[PDB]
Protein chains: 6
Amino acid sequence: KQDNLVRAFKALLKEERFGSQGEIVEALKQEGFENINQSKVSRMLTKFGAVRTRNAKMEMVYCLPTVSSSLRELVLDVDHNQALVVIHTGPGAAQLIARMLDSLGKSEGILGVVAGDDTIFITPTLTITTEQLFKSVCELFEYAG
Amino acid sequence: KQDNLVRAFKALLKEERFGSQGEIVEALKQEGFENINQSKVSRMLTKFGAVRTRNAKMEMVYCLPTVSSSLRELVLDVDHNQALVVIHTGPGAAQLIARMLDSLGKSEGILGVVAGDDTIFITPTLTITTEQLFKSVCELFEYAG
Amino acid sequence: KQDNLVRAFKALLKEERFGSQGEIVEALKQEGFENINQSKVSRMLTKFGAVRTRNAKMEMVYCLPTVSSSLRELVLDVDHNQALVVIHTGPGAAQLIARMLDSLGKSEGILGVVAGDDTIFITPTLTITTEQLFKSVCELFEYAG
Amino acid sequence: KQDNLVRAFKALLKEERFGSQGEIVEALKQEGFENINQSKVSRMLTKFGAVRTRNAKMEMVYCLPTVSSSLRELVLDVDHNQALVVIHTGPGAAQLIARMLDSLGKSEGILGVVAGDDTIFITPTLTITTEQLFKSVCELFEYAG
Amino acid sequence: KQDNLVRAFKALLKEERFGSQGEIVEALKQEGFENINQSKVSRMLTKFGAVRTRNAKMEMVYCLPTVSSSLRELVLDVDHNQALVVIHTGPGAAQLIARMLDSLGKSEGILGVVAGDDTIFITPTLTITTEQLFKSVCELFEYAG
Amino acid sequence: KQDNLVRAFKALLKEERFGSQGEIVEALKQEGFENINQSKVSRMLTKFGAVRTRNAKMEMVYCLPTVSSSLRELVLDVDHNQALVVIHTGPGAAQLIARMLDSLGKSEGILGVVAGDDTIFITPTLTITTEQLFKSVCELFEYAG
């Protein structure tokens, strides 16, 4: 079952047409993996070295290979809660991406950004909503969050 | 007075029976250290190299010694506020523990995790309360928070 | 225009009389730079290696030069939102300053602190307001936030 | 072929009897994977989340699962060149292990230690050879280097 | 004089034709800046946010702008001594690039890699010379070292 | 015995007259602690929060207290071997100090610098000896290495 899930997952990446973690979860559920969830999908994206790429249809999508990869291609997910916008990236890319985001600053609604190895926390200024900040970050990275 | 506090503190660790920072504070107050607080206790746990261990009564407790220590044994405190679950660890162990926590993912209520040297911030998904996340994290680390 | 902005900005630093990012923004607007904002000012403080110093009038102010610099002199801004107190520092100084802040602990209203390269997130305990924590942090660093 | 290599590799881990990267390479070559090398084995140990464990025969060996893991169990390889002893660990464990090693100090032949995410560089004092330091580090971690 | 040096330096970047730090130093000396050296050039590349790009003549060269930048474009210099290959990168990009290099492994002559914020140390295996490793790293990043 | 060693050690710090780890080791040996060594002294400097200060006799010496501390005051030891100059600092100060050192660059004999939490590795260019680099670093930090 696990070998089949890995094969199915990699095939979705090879199609170069899925743009978000939720899309991958839904595709796998439709294939029969009833217990699939975002936690499992996030672990697989990290484990198998998935990155994003702009396909020939101009869509930012996951793919399976990274010296020529761009920072934007290193973003794997953008999500949020009431207080923070959280980005997940490929291993060790969070710091580099956070450097760029914290340069955008308060005028763009970013009060501050802190990154871990593959996770970034973006906190908003009092003048922008977490949802608007979320929408702006999704636009910057072309992620269908 | 400070020499006596250190001696008293180390003795509490040697008893291998205290399970939380608050328990240590209370024990020291009862001994006569009226001005003791969690800030002082946290500094002492860090300074004296305290770690936790499962005692022979099956209780996770502080002890005074660490190549054979486990990640769980490296957690010193778990607490929270309205927006985050915060974990304090032994020096330089936060990154390693955060790697594990962020692998649990959204399906377990963890939207993201970021760590500093000995501090970890865990932010919840919109589908779990900070208190429930707190309770789950306390269960994972067997910490009486 | 950009060359003039840089010259104007550096001159403000050389005056050794401005104590906050907002003061710099206002001074530049008054000089005719209508589009100046905190994002631009934050980038310039980082780019030109600005630090703070206590001037001869006993005021903590920005200056243009750092082996003899103190941690307090490495703080560039202190601001906050509803959930966090955020500090911006000179490049690579956040970790060191965060070490000090997280030692203050819960008894001082600091539940935890995590730092990125030049940004620090301070989360409050349930017993202190974000504004009171903000005011205390501003006092510690003598920053007119 | 790659699916077969992964299956073969995981099976070696499940046997809980291999103690070093070189042993894994040799076992895979004997099975028919003529092009296997340490670079590939190191990538697989990282990718599949391998850790070490003391088996029932008292041997430190690789296994396939980590909250209960010890620092020693997080070491994947110990090797050296003329100037440094280099340790590879599981993801994000290098910092924690380095903290311990740099505490051993000059009296134990360790002039200094610096760690990356999963790599540690140990430089020797002028009073110990890189090979003796290597042998001591291998003994500490019970690694057949 | 400093304002003229900055203007001259930025103009060299805008030409999009210089491939190494030494080339920049030589060009500036020829323009009349007799005291220019690599230390000053390295500081300027960092300060002004220089990155590399493949120009229309297929040459990897410095340019003056970075969300769409690749890891290779983030390398600013490759040099070496008798024991290490050292890479300098744009701010906060060293960790990400090191992750990639340490994946190449021992079979490619890389015993280990450790990174700081914008500096990477690559130590060779006993089977490759520091100069051959240097030459291979220069080829990977297309840097005329 | 350990309580006496701690008391003796702290008293040496309070004298504000010792300038190097070796001086502390020698003073403790003279007091009767026959088994004292640099490993133990380094651990104590870290554990007890020692920093350096310029005393009234203009000597850089250890002291026992740090928001007003300078980067230079955060250096605890400077030593070297055949290939590297290694600096030990107070907890979490290595990154900040390394940022400054790597800005000095190749023209000052510094090929590169990488830091861990409280340790810094400085590798020399082919044009400066490790001993000359050592002597220059000792002069910069006024450390009697």
Side-chain angles (χ1 to χ4, degrees), chain A residues 1-16 18 20-25 27-28 31 33 35-53 61-66 69 73-77 79 87-94 116-119, chain B residues 95-108 110 112-113, chain D residues 2-14 24 39-51 62-67 69 74 76 88-94 117-118, chain E residues 96 99-100 102-105:
Chain A
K1 182 177 180 60
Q2 300 300 1
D3 289 341
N4 287 337
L5 177 56
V6 170
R7 182 190 177 199
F9 173 80
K10 293 181 178 180
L12 297 175
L13 303 179
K14 293 177 296 182
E15 298 190 55
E16 297 181 357
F18 300 97
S20 65
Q21 290 189 164
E23 294 177 19
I24 293 298
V25 170
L28 291 170
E31 293 181 359
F33 301 99
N35 296 339
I36 195 63
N37 62 28
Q38 294 197 27
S39 290
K40 296 176 179 178
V41 169
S42 175
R43 290 189 295 270
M44 303 184 67
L45 289 165
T46 296
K47 177 175 178 178
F48 301 102
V51 297
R52 295 191 299 155
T53 184
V61 295
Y62 298 115
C63 64
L64 184 58
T66 63
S69 297
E73 291 173 344
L74 298 178
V75 167
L76 295 176
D77 185 59
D79 199 347
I87 300 180
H88 282 86
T89 73
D117 191 62
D118 64 4
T119 303
Chain B
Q95 178 185 12
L96 180 56
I97 295 172
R99 192 64 59 93
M100 179 288 174
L101 293 170
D102 191 322
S103 67
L104 293 176
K106 299 177 189 181
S107 304
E108 295 293 356
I110 296 172
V113 185
Chain D
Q2 300 300 1
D3 289 341
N4 287 337
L5 177 56
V6 170
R7 182 190 177 199
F9 173 80
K10 293 181 178 180
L12 297 175
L13 303 179
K14 293 177 296 182
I24 293 298
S39 290
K40 296 176 179 178
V41 169
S42 175
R43 290 189 295 270
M44 303 184 67
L45 289 165
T46 296
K47 177 175 178 178
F48 301 102
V51 297
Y62 298 115
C63 64
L64 184 58
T66 63
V67 59
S69 297
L74 298 178
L76 295 176
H88 282 86
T89 73
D117 191 62
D118 64 4
Chain E
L96 180 56
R99 192 64 59 93
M100 179 288 174
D102 191 322
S103 67
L104 293 176

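Atom set for the values below is all heavy atoms of this structure, side chains included, hydrogens, waters and symmetry mates excluded. The chains referred to below are lettered A, B, ... by the order of the sequence lines, with proteins before strands, and numbering in each begins at 1.
Below 30°, between 30° and 60°, or above 60°: for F48(D) and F48(A) the angle between ring planes is above 60°, a perpendicular geometry.
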Set out, in order, the CA-CA distance, both residues' side-chain angles and the distance that settles side-chain contact (heavy atoms from CB on, under 4.5 Å) for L74(D) and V51(D), then state yes or no. CA-CA 6 Å; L74(D) 298 178; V51(D) 297; 4.1 Å; yes

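Counting heavy atoms from C-beta on, the side chains of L13(D) and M44(D) never come closer than 4.5 Å. Put simply, the side chain of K1(A) reaches to within 4.5 Å of the side chain of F33(A), judged on heavy atoms. For the pair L5(A)/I36(A), a side-chain contact is recorded, criterion being any heavy-atom separation below 4.5 Å from C-beta on. Looking at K40(A) and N35(A), their side chains come closer than 4.5 Å, going by heavy atoms from C-beta outward. Contact of the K47(D) side chain with the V6(D) side chain is not registered, since no non-hydrogen atoms from C-beta on lie closer than 4.5 Å. Between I87(A) and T89(A), the closest side-chain pair of non-hydrogen atoms falls below 4.5 Å.
Heavy atoms only, all atoms of each residue included: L76(A) and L45(A) are closest at CD1-CB, 4.1 Å. The minimum heavy-atom distance between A98(B) and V113(B), with the atom names listed, is CB-CG1, 3.7 Å. Nearest heavy-atom pair, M100(B) versus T66(D), reported as atom, atom and distance to 0.1 Å: CG-N, 4.1 Å.
Residues passing the salt bridge (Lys or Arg N to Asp or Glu O under 4.0 Å) test with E15(A) are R17(A), sequence neighbours excluded.
Ion pairing between a basic and an acidic side chain is recognised when a charged N comes within 4.0 Å of a carboxylate O; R99(B) and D118(D) show no such pairing. Between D77(A) and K106(B) a salt bridge is recorded (basic side-chain N to carboxylate O distance below 4.0 Å).
Of the possible donor and acceptor atoms, none in the side chain of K14(D) sits under 3.5 Å from a partner among the backbone N and O of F9(D). A donor-acceptor contact shorter than 3.5 Å links the side chain of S107(B) to the backbone of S39(A). Panel note: side chain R52(A), backbone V61(A); no donor-acceptor pair is recorded below 3.5 Å.
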